[PDB]
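Below you'll find only one chain, the form deposited in one PDB entry, shown as structure tokens.
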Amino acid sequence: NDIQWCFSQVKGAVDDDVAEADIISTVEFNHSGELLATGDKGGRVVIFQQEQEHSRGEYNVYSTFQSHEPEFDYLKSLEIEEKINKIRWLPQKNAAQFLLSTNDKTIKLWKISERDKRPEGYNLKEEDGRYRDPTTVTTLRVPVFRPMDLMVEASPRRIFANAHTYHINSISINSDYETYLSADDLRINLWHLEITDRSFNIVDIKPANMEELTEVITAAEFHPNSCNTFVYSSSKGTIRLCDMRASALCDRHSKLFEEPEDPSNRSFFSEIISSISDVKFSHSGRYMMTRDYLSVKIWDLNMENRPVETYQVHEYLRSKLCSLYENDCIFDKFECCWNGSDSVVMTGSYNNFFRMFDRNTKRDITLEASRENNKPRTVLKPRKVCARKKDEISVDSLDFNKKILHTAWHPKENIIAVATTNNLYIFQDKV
């Protein structure tokens, strides 16, 4: 039945000192699954490598670097944050690894490589310990290579900057191994992975009169297989699927996915809670999952009028919408992810809770990412929230400062990474 999730690892400070710069803002596995990268608010990217001797090894620190630095836009006299918005791994070209890291304005291509040898031997001097007198040398010696302890290097290969007027919210690589897209609030640009001085603006929904603004782009993503298909979601709860074969500019959407507005549950907040914060293509590519504030919707790419599935993440927050609006919690941008076989979907919630939904069995579980269970191979108890029986949690006792916004699934195994405000938890199943 349900997967027996167990505590495996925790990475971060043992205290509650968030420091506001160590807060994780993105979690991502690579294509093989052995590497796990996290970016934080301070602009740092940390890569953990699975211990290789199916594979249930632990993750240890593999690399660390400063992806982005704080900047100042003199052109607008505004502080440009170094917070890492998205990290996307590229398919493995050679022995090195590559990723794309984006802040609000700039995308960077980073190469992570291992070096295990160094040059040895000198002509005009010794090994930097002393210099040699001129004319003393009468025999050339070409430097040789000698092994050294393995050390990991991270270097920025290409910078894609100054192309987005607004804050970038999405980057997505194309299946052709050649291009990718970056999407800010109102425009989607297409980049070539080896060209930094120009980009192709494929989508532009900026109105002529800015006081007539009604929609913004909240997420965008390429199809996992099809090289011509991509989707982008908006703050109105609609997803536009664009085909790049029809025309050079994708201003005319091929498909429009939107559910009819239910007049039953109308409220003052129905416009805010209907905004889509994340859209993810299934691994098979035949389904599409969108996350709004209160629910997770699964759409068949052949049916546009309604989703095929709808799961309610946290229904007990429906009566507490005003309170969540007062403290700006209603504007949180949660995420969602599929499993390897597109059968289970995982998303986050409040009070360090994350939700698993099984599509085959229609069973949902709530689990807690807490350090109080800091014992490896310990089964996580399911959690229940009461609107108070035994082992239940009252709604008014939930901590809304503890949000699980970023989660990742291992592309092949049953390993999940869950980012709380300051710690990163890695959970495995009972194997």
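Between two forms, the rigid core is defined as the largest C-alpha subset superposing within 1.5 Å. Note that residue numbering begins at 1 and tracks the sequence as displayed.
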Problem set entry | Check: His54 without coordinates in a third or more of other entries | yes
Exercise. Is it true that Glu261 goes unbuilt in a third or more of the other compared entries of this protein?
Worked result: yes
Exercise. How many residues sit between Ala387 and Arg388 in the deposited sequence but have no coordinates: none, 1 to 3, 4 to 9, or 10 or more?
Worked result: 1 to 3
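Below: the form deposited in another entry, not depicted.
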Exercise. After aligning the rigid core, which of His253, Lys236, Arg118, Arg157 is the one whose Cα travels 2 Å or more between this form and the one not shown?
Worked result: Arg118
Problem set entry | Yes/no, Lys76 Cα shift of 2 Å or more between this form and the one not shown with rigid core fixed | no
Exercise. Superposing on the rigid core, is the CA of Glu326 displaced by 2 Å or more between this form and the one not shown?
Worked result: no
Problem set entry | C-alpha of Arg198 off by 2 Å or more between this form and the one not shown on rigid core | no
Problem set entry | Cα-Cα trend for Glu127 and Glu114, given that in that other deposited form the distance shifts by 3 Å or more | farther
For this session: Might you say whether the CA atoms of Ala154 and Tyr122 end up closer or farther apart in that other deposited form than in this form? Their distance differs by 3 Å or more.
Result: closer
